[PDB]
file work22.csv (CSV, C-alpha atoms and all ligand atoms)
chain,number,residue,atom,x,y,z
A,1,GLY,CA,-9.6,7.7,-15.2
A,2,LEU,CA,-12.1,10.4,-16.5
A,3,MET,CA,-14.6,9.6,-13.7
A,4,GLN,CA,-14.5,12.3,-11.0
A,5,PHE,CA,-16.6,12.5,-7.7
A,6,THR,CA,-18.4,15.9,-7.4
A,7,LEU,CA,-20.2,17.1,-4.2
A,8,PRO,CA,-23.1,19.5,-4.1
A,9,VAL,CA,-22.0,23.2,-4.0
A,10,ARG,CA,-22.3,23.6,-0.2
A,11,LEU,CA,-20.2,20.5,0.5
A,12,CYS,CA,-17.7,21.3,-2.3
A,13,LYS,CA,-16.9,24.6,-0.5
A,14,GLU,CA,-17.4,23.6,3.2
A,15,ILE,CA,-15.2,20.4,2.9
A,16,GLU,CA,-12.1,22.6,2.4
A,17,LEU,CA,-12.6,24.1,5.9
A,18,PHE,CA,-11.2,22.4,9.1
A,19,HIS,CA,-14.6,22.7,10.9
A,20,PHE,CA,-16.6,20.8,8.2
A,21,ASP,CA,-19.2,18.2,9.5
A,22,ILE,CA,-19.7,15.2,7.1
A,23,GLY,CA,-23.5,15.1,7.9
A,24,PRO,CA,-26.0,12.5,8.9
A,25,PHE,CA,-26.3,10.8,5.4
A,26,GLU,CA,-24.1,7.6,5.9
A,27,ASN,CA,-24.4,6.6,2.1
A,28,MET,CA,-22.6,9.9,1.1
A,29,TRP,CA,-19.5,9.2,3.4
A,30,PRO,CA,-17.6,6.9,0.9
A,31,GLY,CA,-18.0,9.5,-1.9
A,32,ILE,CA,-16.7,12.2,0.4
A,33,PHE,CA,-13.6,10.1,1.2
A,34,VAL,CA,-12.9,9.3,-2.5
A,35,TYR,CA,-13.4,13.0,-3.3
A,36,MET,CA,-10.7,13.8,-0.7
A,37,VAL,CA,-8.3,11.1,-2.0
A,38,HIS,CA,-8.7,12.4,-5.6
A,39,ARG,CA,-8.0,16.1,-4.6
A,40,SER,CA,-5.3,15.2,-2.0
A,41,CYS,CA,-3.5,12.4,-3.9
A,42,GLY,CA,-4.8,12.3,-7.5
A,43,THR,CA,-7.3,10.3,-9.7
A,44,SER,CA,-4.4,7.8,-10.4
A,45,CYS,CA,-3.3,7.1,-6.7
A,46,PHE,CA,-5.7,4.1,-6.5
A,47,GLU,CA,-7.6,1.8,-8.8
A,48,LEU,CA,-11.2,3.1,-8.2
A,49,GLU,CA,-12.7,-0.5,-8.2
A,50,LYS,CA,-10.1,-1.6,-5.5
A,51,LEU,CA,-10.5,1.6,-3.5
A,52,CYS,CA,-14.3,1.3,-3.4
A,53,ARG,CA,-14.0,-2.4,-2.3
A,54,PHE,CA,-11.4,-1.4,0.4
A,55,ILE,CA,-13.6,1.4,1.7
A,56,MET,CA,-16.7,-0.8,2.1
A,57,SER,CA,-14.7,-3.6,3.8
A,58,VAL,CA,-13.3,-1.0,6.2
A,59,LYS,CA,-16.9,0.3,6.9
A,60,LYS,CA,-18.1,-3.2,7.6
A,61,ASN,CA,-15.3,-3.8,10.3
A,62,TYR,CA,-16.4,-0.7,12.3
A,63,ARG,CA,-19.0,-1.5,15.0
A,64,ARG,CA,-22.3,0.2,15.9
A,65,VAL,CA,-20.8,2.0,19.0
A,66,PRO,CA,-21.8,5.5,20.0
A,67,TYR,CA,-18.5,7.3,19.1
A,68,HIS,CA,-15.7,5.0,17.8
A,69,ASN,CA,-17.7,4.2,14.7
A,70,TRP,CA,-17.5,4.6,10.8
A,71,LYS,CA,-18.5,8.4,11.2
A,72,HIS,CA,-15.4,9.0,13.5
A,73,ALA,CA,-13.1,7.2,10.9
A,74,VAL,CA,-14.4,9.5,8.0
A,75,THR,CA,-14.3,12.6,10.3
A,76,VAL,CA,-10.6,12.0,11.3
A,77,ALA,CA,-9.7,11.4,7.6
A,78,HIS,CA,-11.4,14.8,6.7
A,79,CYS,CA,-9.2,16.7,9.3
A,80,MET,CA,-6.1,15.0,7.7
A,81,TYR,CA,-7.3,16.1,4.2
A,82,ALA,CA,-7.7,19.7,5.5
A,83,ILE,CA,-4.1,19.6,7.0
A,84,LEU,CA,-2.6,18.2,3.8
A,85,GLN,CA,-4.4,20.6,1.5
A,86,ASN,CA,-3.2,23.6,3.7
A,87,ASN,CA,0.4,22.2,3.6
A,88,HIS,CA,0.7,21.3,-0.1
A,89,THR,CA,4.5,21.0,-0.6
A,90,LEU,CA,5.5,19.7,2.9
A,91,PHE,CA,4.4,16.0,2.2
A,92,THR,CA,5.5,13.3,-0.2
A,93,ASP,CA,3.2,11.3,-2.6
A,94,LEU,CA,3.5,8.1,-0.3
A,95,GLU,CA,2.7,10.2,2.8
A,96,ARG,CA,-0.6,11.7,1.4
A,97,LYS,CA,-1.6,8.2,0.2
A,98,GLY,CA,-0.6,6.5,3.5
A,99,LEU,CA,-2.1,9.1,6.0
A,100,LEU,CA,-5.6,9.3,4.5
A,101,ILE,CA,-5.8,5.4,4.6
A,102,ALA,CA,-4.3,5.4,8.2
A,103,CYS,CA,-7.0,7.8,9.4
A,104,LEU,CA,-9.9,5.8,7.8
A,105,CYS,CA,-8.5,2.5,9.4
A,106,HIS,CA,-7.2,4.0,12.7
A,107,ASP,CA,-10.0,2.7,15.0
A,108,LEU,CA,-10.9,-0.5,13.0
A,109,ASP,CA,-13.0,-3.0,15.1
A,110,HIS,CA,-13.1,-0.6,18.2
A,111,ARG,CA,-15.5,-1.9,20.9
A,112,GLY,CA,-15.9,1.4,22.8
A,113,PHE,CA,-13.5,0.4,25.6
A,114,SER,CA,-10.0,1.9,26.6
A,115,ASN,CA,-6.7,-0.1,26.7
A,116,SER,CA,-7.1,0.2,30.6
A,117,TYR,CA,-10.5,-1.7,30.5
A,118,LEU,CA,-9.0,-4.5,28.3
A,119,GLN,CA,-6.1,-4.9,30.8
A,120,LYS,CA,-8.4,-5.0,33.9
A,121,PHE,CA,-10.9,-7.4,32.1
A,122,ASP,CA,-7.8,-9.6,31.1
A,123,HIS,CA,-9.0,-9.5,27.4
A,124,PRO,CA,-6.9,-11.8,25.1
A,125,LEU,CA,-5.8,-8.7,23.1
A,126,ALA,CA,-4.1,-7.4,26.3
A,127,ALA,CA,-2.0,-10.7,26.5
A,128,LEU,CA,-1.2,-10.4,22.7
A,129,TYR,CA,-0.2,-6.6,22.8
A,130,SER,CA,1.0,-5.3,26.3
A,131,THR,CA,1.1,-1.6,25.1
A,132,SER,CA,-1.1,0.4,22.6
A,133,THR,CA,-3.4,-2.7,22.8
A,134,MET,CA,-6.3,-1.5,20.7
A,135,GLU,CA,-4.0,0.4,18.3
A,136,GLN,CA,-1.8,-2.7,17.4
A,137,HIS,CA,-5.2,-4.5,16.8
A,138,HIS,CA,-6.4,-1.6,14.5
A,139,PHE,CA,-3.1,-1.9,12.4
A,140,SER,CA,-3.5,-5.8,12.4
A,141,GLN,CA,-7.1,-5.4,11.0
A,142,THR,CA,-5.8,-2.9,8.4
A,143,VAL,CA,-3.2,-5.5,7.1
A,144,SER,CA,-6.0,-8.2,7.1
A,145,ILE,CA,-8.3,-6.1,4.9
A,146,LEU,CA,-5.4,-5.0,2.5
A,147,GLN,CA,-4.8,-8.8,2.0
A,148,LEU,CA,-8.4,-9.7,1.0
A,149,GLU,CA,-8.5,-10.5,-2.8
A,150,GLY,CA,-9.3,-7.4,-4.9
A,151,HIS,CA,-8.5,-5.1,-1.8
A,152,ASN,CA,-4.8,-4.3,-2.3
A,153,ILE,CA,-5.0,-0.6,-3.2
A,154,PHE,CA,-1.1,-0.4,-3.1
A,155,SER,CA,-0.5,-3.2,-5.6
A,156,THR,CA,1.0,-0.7,-8.2
A,157,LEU,CA,3.7,0.4,-5.8
A,158,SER,CA,7.2,-1.1,-5.8
A,159,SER,CA,8.3,-3.6,-3.0
A,160,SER,CA,10.2,-0.8,-1.2
A,161,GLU,CA,7.4,1.9,-1.6
A,162,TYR,CA,4.9,-0.7,-0.4
A,163,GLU,CA,7.0,-1.4,2.8
A,164,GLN,CA,7.4,2.4,3.3
A,165,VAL,CA,3.6,3.1,3.1
A,166,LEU,CA,2.7,0.2,5.5
A,167,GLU,CA,5.4,1.6,7.9
A,168,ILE,CA,3.9,5.2,7.6
A,169,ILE,CA,0.4,3.6,8.4
A,170,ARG,CA,1.7,1.5,11.3
A,171,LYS,CA,3.4,4.5,13.0
A,172,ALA,CA,0.4,6.8,12.3
A,173,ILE,CA,-2.1,4.3,13.9
A,174,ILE,CA,0.2,3.6,17.0
A,175,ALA,CA,0.4,7.4,17.5
A,176,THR,CA,-3.4,7.6,18.1
A,177,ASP,CA,-2.7,6.0,21.5
A,178,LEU,CA,-3.2,9.1,23.6
A,179,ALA,CA,-0.8,7.7,26.3
A,180,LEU,CA,2.0,8.2,23.7
A,181,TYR,CA,0.9,11.8,22.8
A,182,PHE,CA,2.2,13.5,26.0
A,183,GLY,CA,5.9,12.6,25.5
A,184,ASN,CA,5.7,13.1,21.7
A,185,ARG,CA,4.4,16.7,22.0
A,186,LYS,CA,6.9,17.5,24.8
A,187,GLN,CA,9.8,16.3,22.5
A,188,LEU,CA,8.4,18.3,19.6
A,189,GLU,CA,8.1,21.4,21.9
A,190,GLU,CA,11.8,21.2,22.9
A,191,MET,CA,13.0,20.6,19.3
A,192,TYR,CA,11.0,23.6,18.0
A,193,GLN,CA,12.1,25.9,20.8
A,194,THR,CA,15.9,24.9,20.7
A,195,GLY,CA,15.6,25.1,16.8
A,196,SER,CA,16.8,21.4,16.3
A,197,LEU,CA,13.5,20.4,14.5
A,198,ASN,CA,14.5,19.2,11.0
A,199,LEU,CA,11.7,17.9,8.6
A,200,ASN,CA,14.4,16.0,6.5
A,201,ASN,CA,15.3,13.9,9.7
A,202,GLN,CA,13.0,10.8,9.3
A,203,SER,CA,12.7,10.4,13.1
A,204,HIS,CA,11.5,14.1,13.3
A,205,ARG,CA,8.9,13.6,10.4
A,206,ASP,CA,7.6,10.5,12.3
A,207,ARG,CA,7.0,12.7,15.5
A,208,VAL,CA,5.3,15.5,13.4
A,209,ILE,CA,3.1,12.9,11.6
A,210,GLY,CA,2.2,11.5,15.1
A,211,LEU,CA,1.0,14.9,16.3
A,212,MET,CA,-1.1,15.4,13.1
A,213,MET,CA,-2.7,12.0,14.0
A,214,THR,CA,-3.5,13.2,17.5
A,215,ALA,CA,-4.8,16.5,16.1
A,216,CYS,CA,-7.0,14.7,13.5
A,217,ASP,CA,-8.2,12.1,16.1
A,218,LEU,CA,-9.3,14.8,18.6
A,219,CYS,CA,-10.8,17.1,15.9
A,220,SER,CA,-14.4,16.9,17.4
A,221,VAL,CA,-13.1,19.6,19.9
A,222,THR,CA,-12.4,21.9,16.9
A,223,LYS,CA,-15.9,21.8,15.4
A,224,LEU,CA,-18.5,24.7,15.7
A,225,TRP,CA,-20.0,24.6,19.2
A,226,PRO,CA,-23.3,22.8,18.4
A,227,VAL,CA,-21.3,19.9,16.7
A,228,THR,CA,-18.7,19.7,19.6
A,229,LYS,CA,-21.5,19.8,22.2
A,230,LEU,CA,-23.5,17.0,20.5
A,231,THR,CA,-20.4,14.8,19.8
A,232,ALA,CA,-19.5,15.1,23.6
A,233,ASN,CA,-22.7,13.1,24.3
A,234,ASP,CA,-21.5,10.2,22.1
A,235,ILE,CA,-18.0,10.1,23.6
A,236,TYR,CA,-19.5,10.2,27.2
A,237,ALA,CA,-22.0,7.4,26.3
A,238,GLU,CA,-19.0,5.1,25.7
A,239,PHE,CA,-17.2,6.3,28.9
A,240,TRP,CA,-20.3,5.7,31.1
A,241,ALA,CA,-20.7,2.1,29.6
A,242,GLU,CA,-17.0,1.4,30.4
A,243,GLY,CA,-17.6,2.8,33.9
A,244,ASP,CA,-20.6,0.5,34.3
A,245,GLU,CA,-18.3,-2.5,33.2
A,246,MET,CA,-15.6,-1.4,35.7
A,247,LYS,CA,-18.3,-1.5,38.5
A,248,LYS,CA,-19.2,-5.1,37.3
A,249,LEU,CA,-15.5,-6.1,37.8
A,250,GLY,CA,-15.8,-4.6,41.4
A,251,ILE,CA,-13.7,-1.4,40.5
A,252,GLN,CA,-15.1,2.1,41.2
A,253,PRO,CA,-14.4,4.0,37.9
A,254,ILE,CA,-12.8,7.5,37.7
A,255,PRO,CA,-15.5,10.2,37.9
A,256,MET,CA,-15.2,10.9,34.1
A,257,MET,CA,-16.6,7.4,33.4
A,258,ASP,CA,-19.1,7.2,36.3
A,259,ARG,CA,-22.7,8.0,35.1
A,260,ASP,CA,-23.7,8.9,38.7
A,261,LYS,CA,-21.3,12.0,38.3
A,262,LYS,CA,-22.6,13.7,35.1
A,263,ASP,CA,-22.5,17.0,37.0
A,264,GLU,CA,-18.6,16.8,36.9
A,265,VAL,CA,-18.5,16.7,33.0
A,266,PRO,CA,-18.1,20.4,32.2
A,267,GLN,CA,-15.1,20.7,34.6
A,268,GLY,CA,-13.7,17.4,33.0
A,269,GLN,CA,-14.0,18.9,29.5
A,270,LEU,CA,-12.0,22.0,30.9
A,271,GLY,CA,-9.3,19.7,32.1
A,272,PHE,CA,-9.1,17.8,28.8
A,273,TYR,CA,-8.9,21.2,26.8
A,274,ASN,CA,-6.2,22.6,29.1
A,275,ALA,CA,-4.2,19.3,29.6
A,276,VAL,CA,-4.5,17.8,26.1
A,277,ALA,CA,-6.3,19.7,23.3
A,278,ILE,CA,-4.9,23.3,23.6
A,279,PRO,CA,-1.2,22.1,24.0
A,280,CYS,CA,-1.8,19.6,21.0
A,281,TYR,CA,-3.0,22.3,18.6
A,282,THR,CA,-0.6,25.0,19.9
A,283,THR,CA,2.5,22.8,19.1
A,284,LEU,CA,0.9,21.7,15.8
A,285,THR,CA,0.4,25.5,14.8
A,286,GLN,CA,4.0,26.3,15.8
A,287,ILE,CA,5.3,23.4,13.5
A,288,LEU,CA,2.6,23.9,10.8
A,289,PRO,CA,1.4,27.5,10.8
A,290,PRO,CA,-1.6,26.9,8.3
A,291,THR,CA,-3.4,24.6,10.9
A,292,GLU,CA,-4.0,27.7,13.1
A,293,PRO,CA,-7.8,27.5,12.5
A,294,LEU,CA,-7.9,24.3,14.5
A,295,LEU,CA,-6.2,26.1,17.5
A,296,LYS,CA,-8.7,29.1,17.2
A,297,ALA,CA,-11.7,26.7,17.0
A,298,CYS,CA,-10.4,24.7,20.1
A,299,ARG,CA,-10.0,28.0,22.1
A,300,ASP,CA,-13.6,29.1,21.1
A,301,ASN,CA,-14.9,25.8,22.4
A,302,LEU,CA,-12.8,26.0,25.7
A,303,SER,CA,-14.6,29.4,26.2
A,304,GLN,CA,-18.0,27.8,25.5
A,305,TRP,CA,-17.4,25.1,28.2
A,306,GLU,CA,-16.3,27.9,30.6
A,307,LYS,CA,-19.8,29.5,30.0
A,308,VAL,CA,-21.5,26.1,30.6
A,309,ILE,CA,-19.8,26.1,34.1
A,310,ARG,CA,-20.8,29.8,34.8
A,311,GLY,CA,-24.5,28.6,34.3
A,312,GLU,CA,-24.8,31.0,31.1
A,313,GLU,CA,-25.7,27.8,29.1
B,401,LIG,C1,-16.1,16.2,21.8
B,401,LIG,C2,-14.9,15.4,22.4
B,401,LIG,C3,-14.0,14.6,21.8
B,401,LIG,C4,-13.1,14.2,22.7
B,401,LIG,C5,-11.9,13.2,22.5
B,401,LIG,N1,-13.4,14.7,23.9
B,401,LIG,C6,-12.7,14.6,25.2
B,401,LIG,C7,-13.5,13.7,26.1
B,401,LIG,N2,-12.6,13.6,27.3
B,401,LIG,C8,-11.6,12.7,27.2
B,401,LIG,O1,-11.4,12.1,26.2
B,401,LIG,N3,-10.8,12.6,28.3
B,401,LIG,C9,-9.6,11.8,28.5
B,401,LIG,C10,-9.4,10.5,27.9
B,401,LIG,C11,-8.1,10.1,28.4
B,401,LIG,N4,-7.6,11.0,29.2
B,401,LIG,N5,-8.6,12.1,29.3
B,401,LIG,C12,-8.4,13.2,30.1
B,401,LIG,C13,-7.1,13.9,30.1
B,401,LIG,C14,-7.0,15.1,30.8
B,401,LIG,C15,-8.0,15.6,31.6
B,401,LIG,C16,-9.3,14.9,31.6
B,401,LIG,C17,-9.4,13.8,30.8
B,401,LIG,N6,-14.6,15.5,23.7
B,402,MG,MG,-8.2,4.9,18.8
B,403,ZN,ZN,-10.0,7.7,17.0
call {"tool": "encode", "arguments": {"input": "work22.csv", "output": "structure tokens", "more": "lines below"}}
Ligand SMILES: Cc1cc(C)n(CCNC(=O)Nc2ccnn2-c2ccccc2)n1
Ligand SMILES: [Mg+2]
Ligand SMILES: [Zn+2]
result
Amino acid sequence: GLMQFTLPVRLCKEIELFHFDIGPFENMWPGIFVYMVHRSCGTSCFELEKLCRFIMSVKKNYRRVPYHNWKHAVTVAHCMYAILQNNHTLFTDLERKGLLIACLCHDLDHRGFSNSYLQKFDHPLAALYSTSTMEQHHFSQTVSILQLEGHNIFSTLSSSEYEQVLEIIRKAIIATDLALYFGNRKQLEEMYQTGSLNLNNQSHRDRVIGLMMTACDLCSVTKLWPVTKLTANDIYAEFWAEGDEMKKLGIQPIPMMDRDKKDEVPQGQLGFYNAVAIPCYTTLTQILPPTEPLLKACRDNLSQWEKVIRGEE
């Protein structure tokens, strides 16, 4: 119990900030995650032996893909840590426990292909899960790893608390399907504006936790410009591979995924910021005022992409 994780001074301070980058040293990422669980949840939330075994099994079931990798998992978990630490009294013990684990597990066994590509390929997972194909697989993989011997980090919870936490994790992981984000934010927008939003209404909490998951999942657009710009290369490396694979199935990919149309990228980032990212962090800031730094950072980056187009960089 008396064993803490401590980070070097620069990390100890910068990790509290939304725009923190976890760095290129992979062997430090597990310690950073445990540090965040201990401060967000407590030193007692998990058996340290079981947590460490869970963390390393989760790492092993992420693939060596350009973007949807172990680094993304830890990055999305850090953004959730930042939201929880800035909204101390709004979330229950089970929710803080659940959401950090959901973020770490949210893209388990990702291959770097969209739900659309699985459907057009006719992948077995598309036959097994007709909607949110990859996300149902990510939750399936999470349950698998929790059921390995020595890996059940929730064993000390009651039967009902256990079922509650697995239901928080399931909903959280399904919400990372961007196809579900558009309707979810629209509903939250109306509820906030007509004043019907009620955080004691479980169906309302679910929607708010969903938007947090979208905000955390997209947080690469809220980093300082040099981090956002370099992460964009990894996300587009996956999109171009998928577009190559669409061409192999005899389907011309949308321009965003066509590597012959790299010129169109800056304008494609504009569309993504205006259609997805700005609306996402605007609604999140209305519902959770202390997440405003994510909206500010997103706006700064929209303006940096505007400069790329105007040939100023
Ligand atoms: C860095 C960093 C991290 C992330 C996630 N991006 C965004 C990369 N673009 C992207 O994901 N596009 C996308 C996927 C599905 N729909 N759309 C889409 C929606 C509206 C307009 C244009 C495109 N950059
Ligand atoms: Mg995903
Ligand atoms: Zn993700």
call {"tool": "residues_near_ligand", "arguments": {"input": "work22.csv", "ligand": "ligand ZN 403 (chain B)", "cutoff": "12 Å", "atoms": "all atoms listed in the file", "output": "mmCIF file with C-alpha atoms, keeping the file's coordinate frame"}}
result
data_model
loop_
_atom_site.group_PDB
_atom_site.id
_atom_site.type_symbol
_atom_site.label_atom_id
_atom_site.label_comp_id
_atom_site.auth_asym_id
_atom_site.auth_seq_id
_atom_site.Cartn_x
_atom_site.Cartn_y
_atom_site.Cartn_z
ATOM 1 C CA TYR A 62 -16.400 -0.700 12.300
ATOM 2 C CA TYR A 67 -18.500 7.300 19.100
ATOM 3 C CA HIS A 68 -15.700 5.000 17.800
ATOM 4 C CA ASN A 69 -17.700 4.200 14.700
ATOM 5 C CA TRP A 70 -17.500 4.600 10.800
ATOM 6 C CA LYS A 71 -18.500 8.400 11.200
ATOM 7 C CA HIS A 72 -15.400 9.000 13.500
ATOM 8 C CA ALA A 73 -13.100 7.200 10.900
ATOM 9 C CA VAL A 74 -14.400 9.500 8.000
ATOM 10 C CA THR A 75 -14.300 12.600 10.300
ATOM 11 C CA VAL A 76 -10.600 12.000 11.300
ATOM 12 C CA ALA A 77 -9.700 11.400 7.600
ATOM 13 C CA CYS A 79 -9.200 16.700 9.300
ATOM 14 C CA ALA A 102 -4.300 5.400 8.200
ATOM 15 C CA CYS A 103 -7.000 7.800 9.400
ATOM 16 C CA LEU A 104 -9.900 5.800 7.800
ATOM 17 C CA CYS A 105 -8.500 2.500 9.400
ATOM 18 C CA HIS A 106 -7.200 4.000 12.700
ATOM 19 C CA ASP A 107 -10.000 2.700 15.000
ATOM 20 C CA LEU A 108 -10.900 -0.500 13.000
ATOM 21 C CA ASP A 109 -13.000 -3.000 15.100
ATOM 22 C CA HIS A 110 -13.100 -0.600 18.200
ATOM 23 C CA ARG A 111 -15.500 -1.900 20.900
ATOM 24 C CA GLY A 112 -15.900 1.400 22.800
ATOM 25 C CA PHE A 113 -13.500 0.400 25.600
ATOM 26 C CA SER A 114 -10.000 1.900 26.600
ATOM 27 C CA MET A 134 -6.300 -1.500 20.700
ATOM 28 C CA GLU A 135 -4.000 0.400 18.300
ATOM 29 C CA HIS A 138 -6.400 -1.600 14.500
ATOM 30 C CA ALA A 172 0.400 6.800 12.300
ATOM 31 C CA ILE A 173 -2.100 4.300 13.900
ATOM 32 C CA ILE A 174 0.200 3.600 17.000
ATOM 33 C CA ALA A 175 0.400 7.400 17.500
ATOM 34 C CA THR A 176 -3.400 7.600 18.100
ATOM 35 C CA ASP A 177 -2.700 6.000 21.500
ATOM 36 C CA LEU A 178 -3.200 9.100 23.600
ATOM 37 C CA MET A 213 -2.700 12.000 14.000
ATOM 38 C CA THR A 214 -3.500 13.200 17.500
ATOM 39 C CA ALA A 215 -4.800 16.500 16.100
ATOM 40 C CA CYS A 216 -7.000 14.700 13.500
ATOM 41 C CA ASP A 217 -8.200 12.100 16.100
ATOM 42 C CA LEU A 218 -9.300 14.800 18.600
ATOM 43 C CA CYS A 219 -10.800 17.100 15.900
ATOM 44 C CA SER A 220 -14.400 16.900 17.400
ATOM 45 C CA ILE A 235 -18.000 10.100 23.600
#
call {"tool": "closest_residue", "arguments": {"input": "work22.csv", "among": "A:38, A:259, A:97, A:248", "to": "residue 165 (chain A)", "atoms": "all atoms listed in the file"}}
result
A:97
call {"tool": "residues_around", "arguments": {"input": "work22.csv", "residues": "residue 131 (chain A)", "least_positions_apart": "4", "cutoff": "10 Å", "atoms": "all atoms listed in the file", "output": "PyMOL selection string"}}
result
chain A and resi 115+119+126-127+135-136+174+177+179-180
call {"tool": "atom_distance", "arguments": {"input": "work22.csv", "atom1": "CA of residue 290 (chain A)", "atom2": "CA of residue 227 (chain A)"}}
result
22.5 Å
call {"tool": "atom_distance", "arguments": {"input": "work22.csv", "atom1": "CA of residue 42 (chain A)", "atom2": "CA of residue 203 (chain A)"}}
result
27.1 Å
call {"tool": "residues_near_ligand", "arguments": {"input": "work22.csv", "ligand": "ligand LIG 401 (chain B)", "cutoff": "6 Å", "atoms": "only C-alpha atoms and all ligand atoms", "output": "number ranges by chain"}}
result
A: 218, 220-221, 228, 231-232, 268-269, 271-272, 275-276
call {"tool": "closest_residue", "arguments": {"input": "work22.csv", "among": "A:194, A:274, A:133, A:222", "to": "ligand MG 402 (chain B)", "atoms": "all atoms listed in the file"}}
result
A:133
call {"tool": "closest_residue", "arguments": {"input": "work22.csv", "among": "A:1, A:31, A:250, A:279", "to": "residue 189 (chain A)", "atoms": "all atoms listed in the file"}}
result
A:279
call {"tool": "atom_distance", "arguments": {"input": "work22.csv", "atom1": "CA of residue 278 (chain A)", "atom2": "CA of residue 185 (chain A)"}}
result
11.5 Å
call {"tool": "residues_around", "arguments": {"input": "work22.csv", "residues": "residue 252 (chain A)", "least_positions_apart": "4", "cutoff": "8 Å", "atoms": "all atoms listed in the file", "output": "PyMOL selection string"}}
result
chain A and resi 243+246-247
call {"tool": "closest_atom_pairs", "arguments": {"input": "work22.csv", "of": "region 42-119 of chain A", "to": "region 294-307 of chain A", "cutoff": "12 Å", "atoms": "all atoms listed in the file", "output": "JSON lines"}}
result
{"residue": "A:79", "atom": "CA", "partner": "A:294", "partner_atom": "CA", "distance": 9.3}
{"residue": "A:80", "atom": "CA", "partner": "A:294", "partner_atom": "CA", "distance": 11.7}
{"residue": "A:82", "atom": "CA", "partner": "A:294", "partner_atom": "CA", "distance": 10.1}
{"residue": "A:83", "atom": "CA", "partner": "A:294", "partner_atom": "CA", "distance": 9.6}
{"residue": "A:86", "atom": "CA", "partner": "A:294", "partner_atom": "CA", "distance": 11.8}
call {"tool": "closest_residue", "arguments": {"input": "work22.csv", "among": "A:139, A:95, A:64, A:27", "to": "ligand MG 402 (chain B)", "atoms": "all atoms listed in the file"}}
result
A:139
call {"tool": "residues_around", "arguments": {"input": "work22.csv", "residues": "residue 57 (chain A)", "least_positions_apart": "2", "cutoff": "12 Å", "atoms": "all atoms listed in the file", "output": "count of residues only"}}
result
27
call {"tool": "closest_residue", "arguments": {"input": "work22.csv", "among": "A:19, A:170, A:88, A:123", "to": "residue 140 (chain A)", "atoms": "only C-alpha atoms"}}
result
A:170
call {"tool": "closest_residue", "arguments": {"input": "work22.csv", "among": "A:125, A:202, A:143, A:132", "to": "ligand MG 402 (chain B)", "atoms": "all atoms listed in the file"}}
result
A:132
